[PDB]
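First structure 1, then structure 2: two forms of the same chain, each alone, as structure tokens.
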Structure 1
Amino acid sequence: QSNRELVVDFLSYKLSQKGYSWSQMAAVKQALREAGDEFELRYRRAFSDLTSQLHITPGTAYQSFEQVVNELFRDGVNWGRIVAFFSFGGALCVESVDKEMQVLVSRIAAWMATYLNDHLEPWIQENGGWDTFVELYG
């Protein structure tokens, strides 16, 4: 419940500041958050290109999110392209709130979970899983 989630969240944070972690799941979350910030800093110019090639409206269809993201994996999966996929989704959500349509955020989140579980999870499983991501780029 509420108080428990607050405790876990705060402790995960304080631990992460010293390079430690609350749980394997927290370690994955924190590593992904961190890889995203670093991706966005290292590829700032390119980040812009990817995010200005999709305007989200309440009209845009999933199949169209899918074909943009497909362009990103035009070279097949690696961990960095997966991080880029998360950053792309994140930038979509931010633009949606900028444009006063935070109601789109939950749809984008569903789209991301769909793409992840359909296309990407089978690769992730084959490549050591998220725990392996943490070992490499955590």
Structure 2
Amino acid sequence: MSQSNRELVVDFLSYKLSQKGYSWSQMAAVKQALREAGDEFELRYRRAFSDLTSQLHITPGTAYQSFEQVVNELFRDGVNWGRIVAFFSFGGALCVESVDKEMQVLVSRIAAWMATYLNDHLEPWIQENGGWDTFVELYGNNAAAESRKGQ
């Protein structure tokens, strides 16, 4: 037996049940909503200006500052859902740049930095503003994209 066969099935069923409206932990719902919100943010940014990863620049020694620098700049005025989505997309952009420049060792580090910032500085705001549950209700089912396409 291949555990990948189990993993593939479980992922599909989680995706499908959550998509059809059912929820319990809402883990699948949040993940899917983030994937969608991330795509929508990057689309809007790429149309407004250039692509996100186009202007990034880092080295293993200068990777961390360039991260905290941008992130703390993003949230100095405060926190909202849009910025949290942008936080994920920037982290993704940083990883794409790292791989493109063959500094793949930075990927798991960037991931750790994101998780740490999310945990230390974003989670308190999220819990006081309805938790991930509110994010799902607002941004689930590709809501941000549907708002744009309506116009």
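Numbers given to residues start at 1 and step along the sequence of structure 1. For the two forms, the rigid core is made up of the largest set of C-alpha atoms that agree within 1.5 Å on superposition.
Colleague: Once both forms sit on the same rigid core, is the C-alpha displacement of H55 at or above 2 Å between the two structures?
Modeller: Result for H55: yes, a 2 Å-plus shift.
Colleague: Aligning on the rigid core, do we see the C-alpha of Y13 shift 2 angstroms or more between the two structures?
Modeller: Yes, the C-alpha moves 2 Å or more.
Colleague: Is there a C-alpha shift of 2 Å or more at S64 between the two structures once the rigid core is superposed?
Modeller: It does, since the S64 C-alpha is displaced 2 Å or more between the two structures after the core fit.
Colleague: Superposing on the core, what C-alpha displacement does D131 show between the two structures, in angstrom?
Modeller: With the cores aligned, its C-alpha sits 1.1 Å away.
Colleague: So if we fit the rigid core, how much does the CA of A46 shift between the two structures, in Å?
Modeller: In the core superposition between the two structures, the C-alpha of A46 moves 6.2 Å.
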